[PDB]
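# Observations on chain architecture
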Amino acid sequence: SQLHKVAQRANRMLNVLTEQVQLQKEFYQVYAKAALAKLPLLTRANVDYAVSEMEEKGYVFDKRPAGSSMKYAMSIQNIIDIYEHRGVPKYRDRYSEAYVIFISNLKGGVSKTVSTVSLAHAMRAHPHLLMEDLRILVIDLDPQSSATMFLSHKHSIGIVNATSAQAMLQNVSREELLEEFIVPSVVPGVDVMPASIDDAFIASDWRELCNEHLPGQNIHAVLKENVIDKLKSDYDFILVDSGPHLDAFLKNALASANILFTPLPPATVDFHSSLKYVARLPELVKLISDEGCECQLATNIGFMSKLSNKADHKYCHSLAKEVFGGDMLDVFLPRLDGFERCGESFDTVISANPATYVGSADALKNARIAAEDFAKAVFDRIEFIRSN
Amino acid sequence: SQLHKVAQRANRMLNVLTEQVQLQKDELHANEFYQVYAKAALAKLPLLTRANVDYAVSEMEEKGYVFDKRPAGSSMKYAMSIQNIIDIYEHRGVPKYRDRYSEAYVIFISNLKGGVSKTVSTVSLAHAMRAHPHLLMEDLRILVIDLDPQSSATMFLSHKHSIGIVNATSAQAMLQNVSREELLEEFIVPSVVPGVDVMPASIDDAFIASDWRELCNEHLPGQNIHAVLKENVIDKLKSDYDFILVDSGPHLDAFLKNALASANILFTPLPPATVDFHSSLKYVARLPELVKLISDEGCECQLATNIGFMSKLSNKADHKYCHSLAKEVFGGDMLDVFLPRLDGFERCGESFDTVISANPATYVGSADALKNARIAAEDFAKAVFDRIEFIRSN
Ligand SMILES: Nc1ncnc2c1ncn2[C@@H]1O[C@H](COP(=O)(O)OP(=O)(O)O)[C@@H](O)[C@H]1O
Ligand SMILES: Nc1ncnc2c1ncn2[C@@H]1O[C@H](COP(=O)(O)OP(=O)(O)O)[C@@H](O)[C@H]1O
Ligand SMILES: [Mg+2]
Ligand SMILES: [Mg+2]
């Protein structure tokens, strides 16, 4: 009974530490008016007419003095509103229901979380996708909660309780999900439904917890029916992140996705493992199907992750190209220091402010551009699939 | 069905890759471990003197013992392997650990919070304990059972061109329920440091964990689902090892439960990061509940205590706060030593080497980094060993 003893001491500690984070409780990117001209469909002249015409109508743009005078400090919203003023339709004007993206791989360390949060921020803030005025939701279903930490400033969530796995069991309305479970991330337009280590116990007793709280409901269609379907009209993209564990969460995530992206690692051994997952994927969809709901899983796109020039890497890259063939993204996430440094302070290569960044400013830009290139390639891929 | 297409091509590629690594399967030769001592260096070890070593060495050669000398100098030099030193201690009559205890002792370093250093501690503990200068006379035999589909332990313990893929895994051994002779011949693999072995894991074990109930029903009818590891694997190796370490992933599944039911003692690595620490505490506060669950539904846990230790601790002030909190929680069950965050552990982890198996000459970094990592690892291992000794004899 020495555990009971220590376990209690740790309990008083939690209740104490929990009242810490509670008692505790921004996007740097701004564009100079002239900078908008490099954005698609916009020119120096038409931005001047838009800003001019909108102002005369009562619009007020963000500004900040650079010495004495006061220039324009355009926020993403200002830009989005300028495009709207110029009759450029938004993504929601051609697609009516949210598309669910699931970056998955049973093998860990392959960059599932980083590629997921990077894709969320980079798609929203992509210079070429701002006109799309995208609304993105990242649903964290990994008790390790890496996505949560990356997306909402660690001093925010700290000890989370309103969890995605909780949402699944509580089965609440759209309004409650937006108001009580979903929290904003640093980049406006990108939200997150958090996770917490406590979700490990939920996954562990999923079977029973379902019989108690969701009687008669197919245990594999919960995330899809109790959460995603209720939010389909408030978001353009919904990204689900789960751990590399063949859980109820992994299954619920698979049953709700429209598309899968498999991040492929460069080392031969990890690449080998990943192919095992890609090979048994149809087996997994078959199971979930044979016992409940059907997976609307269209395709499975692969892409190299943390790739480099090592001979071994080039080799795997050739093999992956062989396996996925056409469904192989033409862009990949290379291994960069920017992603590591950022990963250490749980910040996105998009939200990380260069003025605060500890490391070379060059390295940061490189990863940002890499995240952006990756996001644009993903978005374009969905586009082709969705309008064909 | 443009998902079954890739699966097909993927499956084919596996065959190719498999047969490829199936050739480069180098044979891990024992006399390849870098560590060697000049005859004179043994004198610095406990119980050994320059004179009792020369006497021992002389008598052994008289009985035909063959020292693997090197052709250097007018008369060959003794390039002593940790095994030579072990054989010398044996010849002087100092008792080995297996002379001091009669059954393997099962250690389980665990935490539901991942990234806390469960694998690196487990792996460093094994190697550092075997090769620790003050523990050579113990002639330890250590087995690391990898039950994490990620197989990080398997990777640190062998060579990338030594184990490659993994077919006969621990999860597989649990369900097949084979003989001790079979576990020894087919399922256990040696690591880079002789004396420490590993029962491997593979990604395919994630499917086994996923369908544990159905698989136990079809392969192990009547057997309690939480006692499979204890009865089908560990109990059959009780005489073959002094220590058996179990490594599992951060999941509250069958593997985690079986490891617990087989453990003699538990070690909990506690991270300094306020968020990580808080998560670790939630795990410590639910341990009794978990043990109670296993009990209520079948077998009992012989879990003695739960020792806690700071993992990846820095000189930062923040860290010193958690350390205190941790002390309040664990109190006496806190380890006197902690695992500090060091470059040696990082650079080594990058190449899946242990700060014990990593040859300093080859280390691409600062010798001091590697040297400090090894020492820290050795002090941690001696501390765990000394603590087990006090618990075991008392
Ligand atoms: N492209 C990259 N370059 C450098 N480091 C990366 C990259 N992608 C991921 N990482 C780092 O690799 C580790 C694994 O990524 P993570 O997203 O947590 O994987 P999974 O989601 O596979 O667990 C993290 O510590 C992260 O900072
Ligand atoms: N003392 C340490 N100093 C520096 N890096 C460490 C230390 N202990 C562990 N690590 C590194 O931290 C990461 C997490 O450790 P790992 O043993 O894999 O954790 P778990 O077993 O938590 O997955 C690894 O990348 C590892 O190389
Ligand atoms: Mg993840
Ligand atoms: Mg581990």
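Each value, and the rule that gives it
In this document, residue positions are counted from 1 along each chain in sequence order, independent of how the entry numbers them, and residues without coordinates are left out. As they are written, the chains are lettered A onward and the ligands numbered 1 onward, keeping that order. Each side-chain value is worked out from all heavy atoms of the structure, with water and hydrogens disregarded. One heavy atom within 4 Å of a molecule or strand is enough for the residue carrying it to be called near that molecule or strand. Polar contact is defined as a pair of N or O atoms within 3.5 Å, subject to the rule that within protein one atom must be able to donate a hydrogen and the other to accept it, and that residues adjacent in sequence are counted only when both atoms are side-chain atoms. Each accessible area is a Shrake-Rupley estimate made with a 1.4 Å probe; only the visible protein chains count as cover when residues are assessed. Strands are runs of DSSP state E lasting at least two residues, helices are runs of H or I lasting at least four, and both sets are numbered from the N terminus onward. Bear in mind that the domain bounds are from an automatic or database domain assignment. Two residues qualify as a contact provided that any one of their heavy atoms is within 4.5 Å of a heavy atom in the partner residue. Note on terms: buried area is the combined drop in 1.4 Å-probe accessible area of two parts once they are placed together, counting the loss on both. A carboxyl oxygen of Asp or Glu within 4 Å of a side-chain nitrogen of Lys or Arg is what we treat as a salt bridge. Here the nonpolar group is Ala, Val, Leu, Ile, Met, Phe, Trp, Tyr, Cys and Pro; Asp, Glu, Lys and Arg are the charged ones; every other residue, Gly included, is treated as polar. We call a residue buried when its accessible area falls under 20% of the maximum for its residue type, exposed when it is over 50%, and partly exposed in between, using a 1.4 Å probe and counting protein chains only.

## Focus on the site of ligand 2
Residues and elements named next belong to chain B. Around ligand 2 sit 13 residues, and of these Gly115, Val116, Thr119, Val120 and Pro340 come closest. A distance of 3.4 Å is found between an oxygen atom of ligand 2 and a side-chain nitrogen or oxygen belonging to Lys312. At a separation of 3.2 Å, a nitrogen atom of ligand 2 approaches a polar backbone atom of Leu342. Protein chains bury 79% of the 560 Å² of accessible surface belonging to ligand 2 in isolation. Only α5 (118–131) and α16 (343–350) provide two or more residues apiece to the shell around ligand 2.

## Remarks on the domain arrangement of chain A
Residue and element names in this part refer to chain A. Each domain of chain A was delimited in the assignment, giving domain 1 (27–96) and domain 2 (97–388). Measuring from the centre of the C-alpha atoms in domain 1 to the corresponding centre in domain 2 gives 30 Å. Of the residues lining the interface, 20 residues belong to domain 1; the matching set on domain 2 comes to 30 residues. Together, the buried faces of domain 1 and domain 2 total about 2100 Å²; carbon and sulfur atoms form 56% of this surface. In terms of surface lost to domain 2, no three residues of domain 1 exceed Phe27, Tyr28 and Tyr91, which account for 33% of the buried area on that side. Viewed at the interface, domain 2 and domain 1 are joined by 4 salt bridges. Here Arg94 and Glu383 are joined by a salt bridge, their closest N and O atoms 2.5 Å apart.

## Let's talk about the site of ligand 1
All names here are of chain A. The local shell around ligand 1 holds 13 residues, among which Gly109, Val110, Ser111, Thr113 and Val114 are the closest. A distance of 2.8 Å separates an oxygen atom of ligand 1 from a polar atom in the backbone of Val110. Against a free-state accessible area of 560 Å², the protein chains account for coverage of 79% of ligand 1. Where the shell around ligand 1 is concerned, the elements lending two or more residues are α4 (112–124) and α16 (337–344). In terms of residue count, α4 provides more of the shell around ligand 1 than any other element does, 3 residues in total. Taken together, the residues that form the shell around ligand 1 break down as 5 nonpolar, 4 polar and 4 charged.

## Quick notes on unusual backbone geometry
For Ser145(A), which is not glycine, the phi dihedral falls at a positive 50°. Relative to the elements of secondary structure, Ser145(A) occurs in the loop between β4 (136–141) and α5 (146–151). Phi angles above zero are rare outside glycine, and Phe352(B) is one such case at about 55°. Secondary-structure assignment places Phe352(B) in the loop between α16 and α17 (367–393). A relative accessible area of 24% means that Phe352(B) is categorised as partly exposed.

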